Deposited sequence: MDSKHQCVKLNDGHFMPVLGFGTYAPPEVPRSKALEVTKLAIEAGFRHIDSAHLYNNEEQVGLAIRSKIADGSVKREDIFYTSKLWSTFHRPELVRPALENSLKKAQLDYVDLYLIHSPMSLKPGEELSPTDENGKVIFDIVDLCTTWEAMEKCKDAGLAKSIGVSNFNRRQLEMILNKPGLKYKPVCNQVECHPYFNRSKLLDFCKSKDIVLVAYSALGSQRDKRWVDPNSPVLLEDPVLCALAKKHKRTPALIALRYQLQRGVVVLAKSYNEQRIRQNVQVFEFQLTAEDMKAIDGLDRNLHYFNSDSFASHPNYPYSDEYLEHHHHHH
């Protein structure tokens, strides 16, 4: 295992467990798989208000602390502020609600989930995200979140926060879709220049949910270059996709609700890719965001406009 030092001095483990499962998966499965993830060695656990699982994920964490397997300070838990709660007066209550659902005193990381503000209390809203970010800074000062960051921001959106007059805490990270078909090189370079960690979701090619993903889109884990690399290293396409991210300096999430795959994914630390391997993977980039829906693409702050 290892950690990256965030720009506020806290540490984030480089491999994260993805906890989202679509609604057909019974809620209690999150409890079970989160416990297995922790048994396999995951210490970074990624959730959100949106994922409707914070109560099960928090209960997994508390159970593994309660039985001596881990201490609270060995777990890095992320939640996220949903886009109906961008108005500043809504931010701390949203974080408090997440904390109550998970039964934790603090989150290691709290993210603005998306720049795409939605109308509260119920379609887009226009919110000054610099005001949302001030509200986020307040949550760090209160000890509700050790660190704060963003998700789904593009470069212009991130700059807007970084250039805020009176900025107190830079975002520690930008959690974004990132994988060999959509590798975000230029955004990564920008993030690296500002000491903001890029965190990759859908690093294994997404769950291909029919609500948002084109089933015609290429299946990342069937890619022939990943398959060739998997054979060369005697690993699996998933492990090649994860290892790629680690060697680019990207913190990588990995969702699995399968016991065997959960245990396999921690092997990312057991091997290395060469410069030539990495070049071959870099050759797959093709501007493919799996999340590609009419329900998002017209939003005035849709990030894939730039």
message: Relative to the deposited sequence, which regions have no modelled C-alpha positions in the structure?
response: 1-4, 127-137, 322-331
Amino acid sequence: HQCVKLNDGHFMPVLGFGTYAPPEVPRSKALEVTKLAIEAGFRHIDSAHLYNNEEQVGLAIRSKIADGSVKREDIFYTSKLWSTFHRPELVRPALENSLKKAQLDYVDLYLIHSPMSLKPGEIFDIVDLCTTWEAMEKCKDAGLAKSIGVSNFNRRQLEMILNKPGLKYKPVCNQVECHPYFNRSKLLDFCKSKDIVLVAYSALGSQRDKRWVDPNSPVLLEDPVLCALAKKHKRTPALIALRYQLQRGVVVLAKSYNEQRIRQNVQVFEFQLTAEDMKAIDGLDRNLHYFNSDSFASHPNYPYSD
From here on, numbers count along this sequence of modelled residues.
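For clarity, a rigid core is taken as the largest C-alpha set superposing within 1.5 Å between two forms.
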query: Once the rigid core is matched, which of the two stretches, 19-27 or 291-299, lies farther off on average in 8 other deposited structures of this protein by C-alpha?
result: 291-299
Average Cα temperature factor in the PDB entry - higher stretch of 162-170, 227-235: 162-170
field: Stretch with the greater mean C-alpha B-factor as recorded in the entry, comparing 33-41 against 59-67
entry: 59-67
Out of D108, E177, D214, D74, residue topping the C-alpha B-factor column of the entry: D74
Which of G205, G149, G121, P115 ranks first by CA B-factor in the deposited coordinates: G121
- prompt: Can you tell me which third, lowest, middle or highest, the CA B-factor of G9 falls into for its chain?
  reply: middle
message: Going by the CA temperature factor in the PDB record, which third of the chain does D277 belong to: lowest, middle or highest?
response: lowest
query: Lowest, middle or highest third: where is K186 by Cα B-factor in its chain?
result: highest
statement: Temperature factor at the Cα of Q245, chain-ranked in thirds, falls in the lowest
message: Could you place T78 in the lowest, middle or highest third of its chain by Cα temperature factor, using the values in the record?
response: lowest
